[PDB]
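File shown: query-v1.cif (mmCIF, N, CA and C atoms; chains and numbers go by the auth columns).
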```
data_input
#
loop_
_atom_site.group_PDB
_atom_site.id
_atom_site.type_symbol
_atom_site.label_atom_id
_atom_site.label_comp_id
_atom_site.label_asym_id
_atom_site.label_seq_id
_atom_site.Cartn_x
_atom_site.Cartn_y
_atom_site.Cartn_z
_atom_site.B_iso_or_equiv
_atom_site.auth_seq_id
_atom_site.auth_asym_id
ATOM 1 N N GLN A 1 95.236 53.787 94.629 0.00 1 Z
ATOM 2 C CA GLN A 1 94.753 52.517 95.147 0.00 1 Z
ATOM 3 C C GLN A 1 95.909 51.634 95.591 0.00 1 Z
ATOM 4 N N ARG A 2 96.954 52.270 96.094 0.00 2 Z
ATOM 5 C CA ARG A 2 98.138 51.560 96.549 0.00 2 Z
ATOM 6 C C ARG A 2 97.929 50.992 97.946 0.00 2 Z
ATOM 7 N N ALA A 3 98.656 49.926 98.263 0.00 3 Z
ATOM 8 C CA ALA A 3 98.552 49.301 99.572 0.00 3 Z
ATOM 9 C C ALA A 3 99.050 50.258 100.645 0.00 3 Z
ATOM 10 N N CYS A 4 98.315 50.349 101.735 0.00 4 Z
ATOM 11 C CA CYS A 4 98.682 51.254 102.810 0.00 4 Z
ATOM 12 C C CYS A 4 98.026 50.869 104.128 0.00 4 Z
ATOM 13 N N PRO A 5 98.820 50.801 105.208 0.00 5 Z
ATOM 14 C CA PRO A 5 98.300 50.495 106.531 0.00 5 Z
ATOM 15 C C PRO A 5 97.505 51.681 107.053 0.00 5 Z
ATOM 16 N N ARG A 6 96.302 51.424 107.523 0.00 6 Z
ATOM 17 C CA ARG A 6 95.455 52.495 108.017 0.00 6 Z
ATOM 18 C C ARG A 6 95.957 53.028 109.350 0.00 6 Z
ATOM 19 N N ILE A 7 96.299 54.305 109.354 0.00 7 Z
ATOM 20 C CA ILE A 7 96.800 54.975 110.538 0.00 7 Z
ATOM 21 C C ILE A 7 96.377 56.441 110.505 0.00 7 Z
ATOM 22 N N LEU A 8 96.230 57.034 111.671 0.00 8 Z
ATOM 23 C CA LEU A 8 95.812 58.421 111.771 0.00 8 Z
ATOM 24 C C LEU A 8 97.003 59.367 111.855 0.00 8 Z
ATOM 25 N N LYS A 9 97.659 59.587 110.725 0.00 9 Z
ATOM 26 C CA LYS A 9 98.799 60.488 110.678 0.00 9 Z
ATOM 27 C C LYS A 9 98.531 61.586 109.661 0.00 9 Z
ATOM 28 N N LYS A 10 98.589 62.840 110.102 0.00 10 Z
ATOM 29 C CA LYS A 10 98.352 63.959 109.203 0.00 10 Z
ATOM 30 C C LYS A 10 99.443 64.038 108.154 0.00 10 Z
ATOM 31 N N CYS A 11 99.028 64.060 106.907 0.00 11 Z
ATOM 32 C CA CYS A 11 99.955 64.112 105.795 0.00 11 Z
ATOM 33 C C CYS A 11 100.085 65.514 105.224 0.00 11 Z
ATOM 34 N N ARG A 12 101.310 65.867 104.885 0.00 12 Z
ATOM 35 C CA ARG A 12 101.617 67.158 104.291 0.00 12 Z
ATOM 36 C C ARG A 12 101.860 66.955 102.800 0.00 12 Z
ATOM 37 N N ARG A 13 101.712 65.691 102.390 0.00 13 Z
ATOM 38 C CA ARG A 13 101.899 65.230 101.013 0.00 13 Z
ATOM 39 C C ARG A 13 101.986 63.713 101.013 0.00 13 Z
ATOM 40 N N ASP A 14 101.838 63.105 99.846 0.00 14 Z
ATOM 41 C CA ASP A 14 101.906 61.645 99.727 0.00 14 Z
ATOM 42 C C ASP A 14 103.253 61.132 100.217 0.00 14 Z
ATOM 43 N N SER A 15 104.308 61.877 99.897 0.00 15 Z
ATOM 44 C CA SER A 15 105.665 61.525 100.304 0.00 15 Z
ATOM 45 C C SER A 15 105.818 61.559 101.829 0.00 15 Z
ATOM 46 N N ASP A 16 104.900 62.254 102.495 0.00 16 Z
ATOM 47 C CA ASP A 16 104.911 62.365 103.954 0.00 16 Z
ATOM 48 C C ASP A 16 104.315 61.098 104.565 0.00 16 Z
ATOM 49 N N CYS A 17 103.593 60.362 103.737 0.00 17 Z
ATOM 50 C CA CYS A 17 102.951 59.130 104.155 0.00 17 Z
ATOM 51 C C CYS A 17 103.881 57.933 103.976 0.00 17 Z
ATOM 52 N N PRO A 18 103.824 56.968 104.909 0.00 18 Z
ATOM 53 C CA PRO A 18 104.674 55.773 104.871 0.00 18 Z
ATOM 54 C C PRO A 18 104.292 54.797 103.757 0.00 18 Z
ATOM 55 N N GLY A 19 105.298 54.134 103.197 0.00 19 Z
ATOM 56 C CA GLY A 19 105.063 53.176 102.132 0.00 19 Z
ATOM 57 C C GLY A 19 104.371 53.802 100.941 0.00 19 Z
ATOM 58 N N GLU A 20 103.305 53.167 100.478 0.00 20 Z
ATOM 59 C CA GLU A 20 102.553 53.682 99.349 0.00 20 Z
ATOM 60 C C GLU A 20 101.285 54.389 99.818 0.00 20 Z
ATOM 61 N N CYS A 21 101.312 54.896 101.046 0.00 21 Z
ATOM 62 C CA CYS A 21 100.167 55.613 101.592 0.00 21 Z
ATOM 63 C C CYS A 21 99.992 56.942 100.871 0.00 21 Z
ATOM 64 N N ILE A 22 98.754 57.352 100.674 0.00 22 Z
ATOM 65 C CA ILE A 22 98.465 58.601 99.992 0.00 22 Z
ATOM 66 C C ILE A 22 97.809 59.588 100.944 0.00 22 Z
ATOM 67 N N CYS A 23 97.933 60.866 100.640 0.00 23 Z
ATOM 68 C CA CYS A 23 97.358 61.896 101.480 0.00 23 Z
ATOM 69 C C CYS A 23 95.859 62.022 101.216 0.00 23 Z
ATOM 70 N N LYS A 24 95.060 61.522 102.150 0.00 24 Z
ATOM 71 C CA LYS A 24 93.607 61.571 102.031 0.00 24 Z
ATOM 72 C C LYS A 24 93.102 63.007 102.116 0.00 24 Z
ATOM 73 N N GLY A 25 91.920 63.238 101.552 0.00 25 Z
ATOM 74 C CA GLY A 25 91.316 64.564 101.553 0.00 25 Z
ATOM 75 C C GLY A 25 91.203 65.185 102.936 0.00 25 Z
ATOM 76 N N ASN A 26 91.005 64.354 103.960 0.00 26 Z
ATOM 77 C CA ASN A 26 90.884 64.854 105.331 0.00 26 Z
ATOM 78 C C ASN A 26 92.251 65.267 105.884 0.00 26 Z
ATOM 79 N N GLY A 27 93.300 65.000 105.117 0.00 27 Z
ATOM 80 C CA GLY A 27 94.639 65.369 105.524 0.00 27 Z
ATOM 81 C C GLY A 27 95.313 64.322 106.379 0.00 27 Z
ATOM 82 N N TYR A 28 94.950 63.068 106.163 0.00 28 Z
ATOM 83 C CA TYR A 28 95.548 61.951 106.886 0.00 28 Z
ATOM 84 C C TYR A 28 96.023 60.915 105.894 0.00 28 Z
ATOM 85 N N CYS A 29 96.971 60.119 106.313 0.00 29 Z
ATOM 86 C CA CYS A 29 97.525 59.079 105.461 0.00 29 Z
ATOM 87 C C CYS A 29 96.553 57.918 105.312 0.00 29 Z
ATOM 88 N N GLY A 30 96.269 57.557 104.071 0.00 30 Z
ATOM 89 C CA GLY A 30 95.358 56.471 103.808 0.00 30 Z
ATOM 90 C C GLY A 30 95.562 55.883 102.433 0.00 30 Z
#
```
Output the file's structure in the form of structure tokens.
Amino acid sequence: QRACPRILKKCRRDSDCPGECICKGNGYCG
């Protein structure tokens, strides 16, 4: 439940996501 700007970027892991963005189940940063 970390703060994260909504963007459509495919994540290969949470660390792949900017800031405190997490890798959503659909495989995007959220």
With only C-alpha atoms counted, which protein, DNA or RNA residues have an atom no more than 10 Å from (99.9, 65.3, 102.9) in the file frame? Please answer as a PyMOL selection string.
-> chain Z and resi 9-17+21-30
List as an mmCIF file with N, CA and C atoms, keeping the file's coordinate frame the protein and nucleic acid residues near residue 20 (chain Z), meaning an atom at most 7 Å away when only C-alpha atoms are counted, but skip any in the same chain fewer than 3 places from it.
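Now in around29.cif:
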```
data_model
loop_
_atom_site.group_PDB
_atom_site.id
_atom_site.type_symbol
_atom_site.label_atom_id
_atom_site.label_comp_id
_atom_site.auth_asym_id
_atom_site.auth_seq_id
_atom_site.Cartn_x
_atom_site.Cartn_y
_atom_site.Cartn_z
ATOM 1 N N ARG Z 2 96.954 52.270 96.094
ATOM 2 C CA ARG Z 2 98.138 51.560 96.549
ATOM 3 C C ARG Z 2 97.929 50.992 97.946
ATOM 4 N N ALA Z 3 98.656 49.926 98.263
ATOM 5 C CA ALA Z 3 98.552 49.301 99.572
ATOM 6 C C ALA Z 3 99.050 50.258 100.645
ATOM 7 N N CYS Z 4 98.315 50.349 101.735
ATOM 8 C CA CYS Z 4 98.682 51.254 102.810
ATOM 9 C C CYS Z 4 98.026 50.869 104.128
#
```
Could you work out an axis-aligned bounding box for all listed atoms of region 4-17 of chain Z, with 8 Å added on each of the six sides, and give its centre and edge lengths in Å to one decimal, as JSON?
```
{"center_x": 100.6, "center_y": 58.8, "center_z": 105.8, "size_x": 26.4, "size_y": 32.8, "size_z": 28.1}
```
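Interatomic distance, atom N of residue 19 (chain Z) against atom C of residue 5 (chain Z): 9.0 Å.
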